[PDB]
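Chains as they are written, first to last, in PDB author numbering: chain t, 3 to 58; chain AP, 36 to 105; chain v, 20 to 225; chain AK, 15 to 121; chain AI, 2 to 146; chain AJ, 2 to 144; chain AS, 5 to 67; chain AH, 2 to 64; chain AG, 3 to 143.
For each residue, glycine too, the CB sits at the ideal point set by N, CA and C.
Single-structure report; data block below.
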RNA sequence: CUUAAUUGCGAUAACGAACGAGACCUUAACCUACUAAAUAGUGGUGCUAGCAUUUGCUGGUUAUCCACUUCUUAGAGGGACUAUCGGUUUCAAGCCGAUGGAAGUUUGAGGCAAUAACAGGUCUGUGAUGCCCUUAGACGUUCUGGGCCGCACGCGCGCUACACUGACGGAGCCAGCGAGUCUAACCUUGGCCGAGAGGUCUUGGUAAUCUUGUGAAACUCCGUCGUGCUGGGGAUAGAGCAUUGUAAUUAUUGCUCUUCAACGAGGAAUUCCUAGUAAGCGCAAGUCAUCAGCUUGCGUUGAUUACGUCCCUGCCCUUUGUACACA
């Protein structure tokens, strides 16, 4: 459906790349270490687990 | 040509005596046999071909051995 | 004798020379015997090749380049110099194309084709350069169990091609009278020239 | 309407060798406990994703070459997907990277 | 290389418009020698001219050579579709021209001396002499210049 | 013994079948005969004044029993030798485009032509109406 | 011929200031209780022929 | 280029730790040793441990 | 009918899938007669593992394989594995071991790489060079 | 004393250790075994058309029934460990000569590779980094384009030939690596137009379907010539045709015809390389709107001379000498 399989199953890998800076680029003082990797359809479950889950 | 390649026209009996007890001869030989050369090397196998002295014992492209048949 | 029911029928004159004993199909490469001088045990005939495409590793362990078949060695040894590098499947028709000219001239089927060449036209020797210094007088270091075959075959098929270019003479048809002139020849080919210049060192200087 | 099955190609996009087998076997057991006749799992073959690059950030030095690969493992199943497998994805057995698309082909 | 009884009626070495003819070579190389005459219409001097082709070049006799004068002068009377031509729509009237042996450089420099005087970019690289049609001329200048 | 045309030669076959029928009579020389170089980079046309029509058209008829279907885009991409390609190494680029398409006007009279849906060629048994019937006499002539 | 057939029973290796020439022994085929130190080319295996060319002479130092 | 390893120190301490009167020329227990005594980190660990313990246990039947 | 038989051959580009059906002696690559093997030179390397137990061994079986790919010889001695695995695939099981030691001793002394699954491969080319071991030019200046 | 190895045998003011080497992981090194293949297809298949009259060939009936993997497969394991016998050797490490082989370079090639550094080089992958002219003259952005290609004359990496395995046309049409369409667009078969480049009617596939068996060369098979700057060579130059883009002028290119340059195996010097390898050919990907003579990856035939030396360059390790330590 307008997005192929072989050439864009690596396209989800930007959501290991765009995302794993987006958590900690303004927030480099946060303390991120790799959350329990998780997904549901239509929406993504979000849990924080870091040094600074309190001040921000 | 200059020296025994094309016809050598006066010597038309030489094609008619093509093996002078001389077994090994091909297209690859006739050029310096003082006879027809690789231009017109086949006109000894055009002239005496079908039933006579000459019978085909070779195959390969452009180059064909021939022999006084036993 | 024993045809078969099918839709692709079979000729008659050939494979009864094959179904009886494990030898050649139409030509009599059969029970003729060897003229074995020195170089004892260099016959890969029985069990031979028919053409030279036998599968098997042969070259990195140098003690078993002698079990590369002795009939294949003259086929191994022709085509150089920017013209025929690759195209070694031209050397598979050469086999029957020099088992073409050998048929008009001294058949001597392959128990006699290669065993007659190294005797009276090639080395029984080598003359390699470990030559002391200044002007290298070469040690005339004679026959090894691998020095009867390699340069004795794979350079005499090369120096005898030197009239197969710039004019008419074909590589497949230069081989008309060089094997026989390696069998018995007075150098209408390249027989003497690898025992001419290397033997003036080798006779009495050692 | 209900439990006449509509011949849906069970399949599951991943990349690993036995982590898909952790999740594809959540159908492989769940299609055969109630025992359908099966001519099933087709290993989608391994695909490489070569990228060539010079190892250096500046083109000085020995221009040495470093290469790149992946292995796309996937399985698709030539069976009937029952009703107890088709929306089971939407609240359990789903994982980032494991985006279980289920293509359709029957006749 | 057909059945041949080549007597002295065969044409030997003679000038046939500035070429001493190689008669003994094939009939494809009977004429294909002059500037203006490339090897490309060695077929289309004798393609459908009803002359036999497997013979060598003793044929196309002294007055069957007359057609050779006018077949290459007039390119259209023998019905080539004019894609086999070297200069059309030149400067003056916009039609076809087959530039013959005198007319090789007779007209190309008229298109050059068209342009020595009209200021253009390919003008100042010919009478100076310079590689005008796309060559870097720094490293050109070593063994070729 | 039961004959297939897959039990028949295809090398000297055209030398003995499609050149046995060399003068069937219907010439089909549509104006672009022997004036075109017949391959898009190959500098020479056939200079023999004999053949190369059954060598291109009638090659296909027993070629297509050995397979399912072909077309002219597999005829141009079939026969290209070394190209007259500059001071640069050579390739295999395609043959002529509109010239070898003459079989799509030459074969039309035979009946070995059948045009199929799902593109391409269909071969009816009209090839068996001039080759499987000659599989009774010209296969026993090549002993 | 001044040549004699000779088994090279024991192998040594080879020598030289370039790599080619070889230390070997000979044990003959005719006229035993006689042996002379000789040389050979190269890739020699065990107990095989050395046809000479010299009659009875020597060549030892291998630089 | 055929010499020992750094896990030939422990290919001879646990070899005879309780396990001399087995492992003859028979190759079967020359792996069915090494799935029990060793937890296999490579199928080659049969090739690196038991690749010598028959020739080394040729040295025990000598003296 | 009978499920296909997993006696099986491999090579560079010519997978010699040694199928066997109830046949009558067709020597093909599913399409070509015995006179049409014919490169005039490479005629017999297809056969000669055939012509070893007799002439036919064709009473119940044929040689049914088909092959895509190939070089110039690389099918000729590829399916000769399949022509050797297309004979003896059932003579192990149905007829007995003394018909293998005293009658398939034909199939012992003429193994010129027949049941050998291949073990000689050209290596992948390196980096930093055209050739497989050849390298570029240095020109130390 | 061996080894590719400070890897190992052992002799020992050394004992135990720990990296580096080997192990480690891919990929070419296989399986008469199954949970599986209409994102390949075999056997009979419902069978048909001819021929031959012997379930013998082509094609399908997107399910006629299937047994469904035995080609891509791993879900994991196994099998070759110089193995095995003679020669060696301190009787140990070892190392050769024959055998058996899917399987006897370290399974072949790679995958990050230690201690310590190098004024190696990137503020040109960044609006990381103290340093100015900074801005309104600006040593930068918008844009018309130059210029990065400019040439007196040098030096490298590569391409084509230097000349009868030279050049030319047709029957078999064979690979292998991979690549491929989104809110518009790549791969494009089949058919008409055009001689080519291509124009157009169409088709399949967001992926073992389809382009593709990438129907490659080189070859398999034949007909043609004649050694001369030949029809070797296609530089150079002229004139026409279609495309890519908004536009090709300094020709981005591909095609047609004409013109047919030098040279005739290169001096002092110098690059690479011990078997599927050199050396000839060719295919896909990169940058790609257009452009491959270059690189990344891959096939097709398969030689020479060497399976050893420190001679020239280099390189580690001892003994030695040193007024040297930016060595």
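Query                                                                                                                                                                                                : Result
Hey, residue 132 (chain v) and residue 144 (chain v): beta-carbon distance below 7 Å or not?                                                                                                         : no
Please identify the residue among v:188, v:172, v:153 whose C-alpha is closest to the C-alpha of residue 67 (chain AS).                                                                              : v:153
Taking 8 Å as the limit between beta carbons, can you name the residues of its chain near residue 13 (chain AH), skipping five residues before and five after?                                       : 54, 57
Under a CB-based cut-off of 7 Å, is residue 35 (chain AG) close to chain AJ?                                                                                                                         : yes
Nearest chain AP C-beta to residue 43 (chain AI) closer than 7 Å, yes or no?                                                                                                                         : no
So with CB distances below 8 Å, who are the chain v contacts of residue 90 (chain AJ)?                                                                                                               : Residues of chain v passing the Cβ test: none, with the nearest at roughly 14 Å.
Between the region 163 to 171 of chain v and the region 40 to 51 of chain AS, do three or more beta carbon pairs fall short of 8 Å?                                                                  : yes
Hey, is residue 73 (chain AP)'s beta-carbon within less than 7 Å of any beta-carbon in chain v?                                                                                                      : yes
Is residue 149 (chain v) buried or exposed, if buried means 16 or more other CB atoms sit within 10 Å of its CB?                                                                                     : buried
Check the Cβ of residue 125 (chain v) against every Cβ in chain AP and list those closer than 9 Å, keeping chain order.                                                                              : Simply none; closest approach about 11 Å.
Starting from residue 12 (chain t) and walking both ways along the beta strand (DSSP E), at which residues does that stretch end?                                                                    : Per DSSP, residue 12 (chain t) belongs to no beta strand (DSSP E) and is neither H nor E.
At a Cβ cut of 9 Å, what residues of the region 8 to 36 of chain AI count as close to chain AJ, listed as they run along the chain?                                                                  : 29
Alpha carbon to alpha carbon, how far is residue 92 (chain AG) from residue 98 (chain AG)? Give it in angstroms, no decimals.                                                                        : 10 Å
Take every Cβ of the region 3 to 10 of chain AG, pair it with every Cβ of the region 40 to 49 of chain AG, and state whether three or more of those distances are shorter than 8 Å.                  : no
May I ask you to report which of helix, strand or coil DSSP gives residue 80 (chain AK)?                                                                                                             : strand
Could you name the residues of the same chain whose beta carbon sits closer than 8 Å to that of residue 120 (chain AK), not counting the 5 residues immediately before and after it, in chain order? : 20, 21, 22
Does the distance from the CB of residue 205 (chain v) to the CB of residue 179 (chain v) come in under 7 Å?                                                                                         : no
From the DSSP output, which residues share a beta bridge with residue 101 (chain AP)?                                                                                                                : AP:91
Start and end of the beta strand (DSSP E) containing residue 27 (chain AS)?                                                                                                                          : 26 to 28
In the DSSP assignment, what are the bridge partners of residue 25 (chain v)?                                                                                                                        : DSSP lists no partner for residue 25 (chain v).
If I measure Cβ to Cβ from residue 72 (chain AP) and keep anything under 6 Å in the same chain, skipping five residues before and after, which residues do I get?                                    : 40, 66
So, is the C-beta of residue 104 (chain AK) closer than 7 Å to a C-beta in chain t?                                                                                                                  : yes
In chain order, what residues of the same chain lie with their CB nearer than 6 Å to the CB of residue 95 (chain AI), ignoring the 5 residues before and after it?                                   : none
For residue 14 (chain AS) and residue 92 (chain v), I'd like the C-alpha separation in whole angstroms.                                                                                              : 29 Å
Helix, strand or coil for residue 121 (chain AK)? Go by DSSP, reduced to three states.                                                                                                               : coil
Considering only DSSP beta bridges, list what residue 43 (chain AS) is partnered with.                                                                                                               : AS:27
Using a Cβ-Cβ distance cut-off of 7 Å, determine whether residue 189 (chain v) contacts chain AP.                                                                                                    : yes
Using a Cβ-Cβ cutoff of 9 Å, what residues of the region 97 to 124 of chain v are near chain AP? List them in chain order.                                                                           : 112, 116, 119, 120, 122, 123, 124
Short of 9 Å Cβ to Cβ, which residues in the region 46 to 59 of chain AJ face chain AI?                                                                                                              : 46, 48, 49, 50
Okay, do the region 81 to 88 of chain AK and the region 48 to 64 of chain AK touch, 3+ Cβ pairs below 8 Å being the bar?                                                                             : yes
Tell me which residues share the same chain as residue 114 (chain AJ) and place their Cβ nearer than 6 Å to its Cβ, disregarding the 5 neighbours each side in the sequence.                         : 108
What do you get for residue 39 (chain t), buried or exposed, if any count of 16 or more other CB atoms within 10 angstroms of its CB means buried?                                                   : exposed
List, in chain order, every chain AG residue whose beta-carbon is nearer than 9 Å to that of residue 69 (chain v).                                                                                   : 46, 47, 50
Can you give the beta carbon distance from residue 36 (chain AP) to residue 25 (chain AI), rounded, assuming they're within the 8 Å contact cut?                                                     : 7 Å
Check this for me: beta carbons of residue 35 (chain AG) and residue 82 (chain AG), under 7 Å apart or not?                                                                                          : no
Using a Cβ cut-off of 7 Å, pull out every chain AG residue sitting near residue 10 (chain AJ), in sequence order please.                                                                             : 38
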